[PDB]
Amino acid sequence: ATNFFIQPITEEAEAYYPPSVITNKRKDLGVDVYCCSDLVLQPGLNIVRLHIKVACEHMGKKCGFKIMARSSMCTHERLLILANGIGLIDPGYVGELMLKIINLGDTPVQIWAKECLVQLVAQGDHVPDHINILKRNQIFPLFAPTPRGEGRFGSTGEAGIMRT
């Protein structure tokens, strides 16, 4: 069984993420996630919050996942790419999901709160069975402190904490 757990962590996320269980009858690989706020992306790098904490679990164990562009993210009107190509979300991450979006155009670009620019894909590309939208308040076991915690964007250092 492959399940995603999404918890809204702002008032804005609560508009798009009511407490519910979503099934994946279509068997799509990706879980679309909302901007939740109207965005203005400047030419160059933009750091964008997704207003959610996410956990993935496969065969009953907490696992990693990937952030991938939707094919609709990039249009003639909006030349947007994920800076990191895909987002590699480590099993131990329990912070807010963030995006690095490059606007390749010369003009600032507007995104609606209701748009999904990206999709979450389980470690190993397993088709999700259920998407669990958790209550904003609750404590969830899978968000418990880890060695990584909310460490992201070079939190591990230049050498990679991995090191060698």
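Throughout, rigid core stands for the largest set of C-alpha atoms superposing within 1.5 Å between the two forms. All residue numbers refer to positions in the sequence shown, first residue = 1.
For the pair 116-124 and 22-30, rigid core superposition yields a higher RMS C-alpha distance in 5 other deposited structures of this protein in 22-30.
When the other structures are laid on the shown form by the core, the C-alphas of 133-141 and 33-41 differ in how far they drift in 5 other deposited structures of this protein; the larger average drift belongs to 133-141. Stretches 134-142 and 100-108 differ in mean C-alpha B factor, with the higher average recorded for 134-142. The PDB entry records a higher mean C-alpha B factor for 41-49 than for its counterpart among 119-127 and 41-49. The residue among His58, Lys66, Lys27, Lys114 whose C-alpha carries the highest B-factor in the deposited model is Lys27.
Among the modelled residues of its chain, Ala15 has a C-alpha B-factor that falls in the lowest third, as given in the PDB entry. In the deposited entry, the Cα temperature factor of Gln7 places it in the lowest third of its chain's modelled residues.
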